[PDB]
Structure formats: structure tokens, C-alpha cells
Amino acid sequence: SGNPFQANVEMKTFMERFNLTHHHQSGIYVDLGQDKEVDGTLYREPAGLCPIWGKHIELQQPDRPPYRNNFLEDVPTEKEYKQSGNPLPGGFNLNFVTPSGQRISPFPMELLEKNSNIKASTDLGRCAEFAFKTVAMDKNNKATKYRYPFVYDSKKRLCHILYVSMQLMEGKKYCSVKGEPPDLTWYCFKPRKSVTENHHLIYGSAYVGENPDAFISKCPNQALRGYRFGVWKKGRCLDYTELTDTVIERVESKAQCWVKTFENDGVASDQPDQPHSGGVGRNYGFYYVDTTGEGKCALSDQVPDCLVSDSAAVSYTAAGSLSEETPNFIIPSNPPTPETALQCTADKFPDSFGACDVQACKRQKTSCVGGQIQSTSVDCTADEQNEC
């Protein structure tokens, strides 16, 4: 102990943004964390408090008109499905309108930023709040407490509400892949993140809008450059590569690692039986270059409580973006960066060394380099090595 990353309120608050069981509190790959009654039937509801950057639902419709394979297309009308045949055409987007024909979805950010009811301080927050402020009506035309999930398109600046809260459909008894088998009503679909595509899409439960500025300080929105996540054990920060249950793979790029923190088979997921992960899962990882120059990806389910300095590493989570820098649409109109939380000055922040961990024969070294806290494990002293 004497974990520098737990040493004071501000550091603790900083490191807490990485704990997806603390604030997000639901599934990531599939989020169905809540149950809501509509008209006497209980339904599963996306519930997570953090936006999932880059998450989209990839569809398996036939590759031909009228099918667009794009979840952001309107849900299909009965007449459209009659014309297409199987499977269902269209996408997940809510197509409802007011009596004058104004669409609820997609809804332009340009209207949300000048509306007195919308209190959020960022564009993402305003989309999330719009989603929170939308509820299903039941068969008596009464408001319920059931809320559809949203996708923010930060490229087009459009807020989408999804009528389809399903995120994963599979099994050849239920859905077809590219129209095969042709008798099936549903096409298959699954959540994806991609090394190149749809980074500008952000998927979330409507509950991201419940306290719509909260995600800015409580969610790991951006990748963290320059550090590997680790856990504090035997007096020093062990990065995931030192942990037994860690999954380590060679990767050709950092982006592939970011995609693996979301797609790997242990990511927090609520998909069947109705599991509630509570955000527990293998959601954390980092790209690093190992000592022989190979690019690797380490994935773990251990929530990080310290960091190991490594200027060529980048730490990702299942929830966050590939981007390492705060984008403009989450900066308040009016929360410290990693650079700020991790800042030090050389003459105020002396080197410290912890006790030798005689099992590994290594000790913690914490120092200030380049105005930023460094945290590594170094060789023990000669005498200490006697004890190893």
C-alpha cells in the first residue's frame, strides 16, 4: 500500500471513472439491465448509465433492395414488409410523428440546443436527455416507465431513439443470415464495434439522460494514452500482463485491441434466463508493445485501481471510444483530464520505491517524468535480491 492512485480524493475520483460496475451498472455488449411492466407484461429494458462509444447493431438482411442493412433506418411498416417479403426490411429507428408530422427520430441537435426544457451541458447529454424524456404509452394511452435506448450520430448531429431494444439475435430457428433460411421473419443481428466504421455512433440506454451531465465525470469515455491499467497488489501496481486470468493476444493495431475489449466472450452482457451482469465482465484492456517489439492486447475483468506508465500503451474499455482526446460534443457549454489528474512537478514529487515483492523480485517506483506521474516496477536492490 501507499497506492499513489488512491492517495487523495481527486485521484480516487479520477480512477473511479474506469469502474463500469460503479456508474454504468449494467451490461455493455447487450444492455437489458432493468424490467418494466407495460399493460401487465414485464419487459426487459436497457438500463446502463454510460454511453457506449462506437457501438452499433450490425444486421444480416439480404444484400439487395429494399434492404439497407442499417439499424438506423426506420422500423418497417406492415405495407413495406408485404412488399419486401421475408425477412423484415428497414431498421430499428422509431418512426413516430406528432399530429402535424414532425418526427421524433432522428431529431436534430440544433433544435435541442435551443430548447428550454433541455438542461444538459453537452450535445451527447442533450441527446441522452431527449431519450430519457421519452416514454412508451400503453394500450390506454397512459405514460409508462419504459424507455427506449438511443444512438447519437455525432457526425450528422442527429439524436435517434430505437423502437427495437433487442441487441442480439441469433439461432437458425429464429433468424436468417442474408435471407437464409428464407422462411424466417427476423434477420440475425449483433452488436459490433469496428476498427474503421461508425466510431461516430454512440449507443446508450435512455438512463444516460436521467442525470445527463453525469457521464462526463463518471464514465470512461476516452481511451487513456500512456498508461496500462493494473491492480495494486503486494505493494506495487501490477498491470494486467502480470495477472493469471488475463487474456493476451497479438494484434496488428491499437484499434483492434479497442474492438476486443467490447467483443471478447467475457464482456459484461445481459443476453440469455435473464442475466443482469451489473457491468461485471472482462471489459478492460490495453494495447502495448512488449519487450521484443510485438504489439499485443491484454484483456481483463479486474477493475483498474492503479496505472503503469508506458508511453506506447493505450488503455481501453468496452464502453469508451478509440479516441484518446475529449471530443467537442462532450465539452460543456459552460472535470479534470488524465493530464490534469496525473500532473506532478519534479521538485514536489520525489521518487519513491516500495518494498521488494520477493515472489516476482520487483518493486514499485513512483516518480515525476515530463510533468506526469510515472508508475513502474523495477529491480530490487542487491540486498533485497538476497531475499528473492
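Numbering starts at 1 and runs along the sequence shown.
According to the entry, the deposited sequence runs straight from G293 to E294 with no unmodelled residues in between. According to the entry, the deposited sequence has 4 to 9 residues without coordinates between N334 and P335. When 26-34 is weighed against 350-358, 350-358 comes out higher, by mean CA B-factor as recorded in the entry. Higher mean CA temperature factor, per the PDB entry, when comparing 374-382 with 17-25: 374-382. In the PDB entry, the Cα temperature factor peaks, among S300, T241, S269, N117, at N117.
Taking the PDB entry at face value, the top CA B factor among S154, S165, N86, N211 belongs to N86. When the modelled residues of the chain are ordered by C-alpha B-factor, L112 sits in the highest third. Per-chain ranking of the deposited C-alpha B factor places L322 in the lowest third. Ranked against the other modelled residues of its chain, the C-alpha B-factor of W53 as given in the entry falls in the lowest third. The entry lists a Cα temperature factor for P220 that places it in the lowest third of the chain's modelled residues. Among the modelled residues of its chain, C344 has a C-alpha B-factor that falls in the highest third according to the deposited record.
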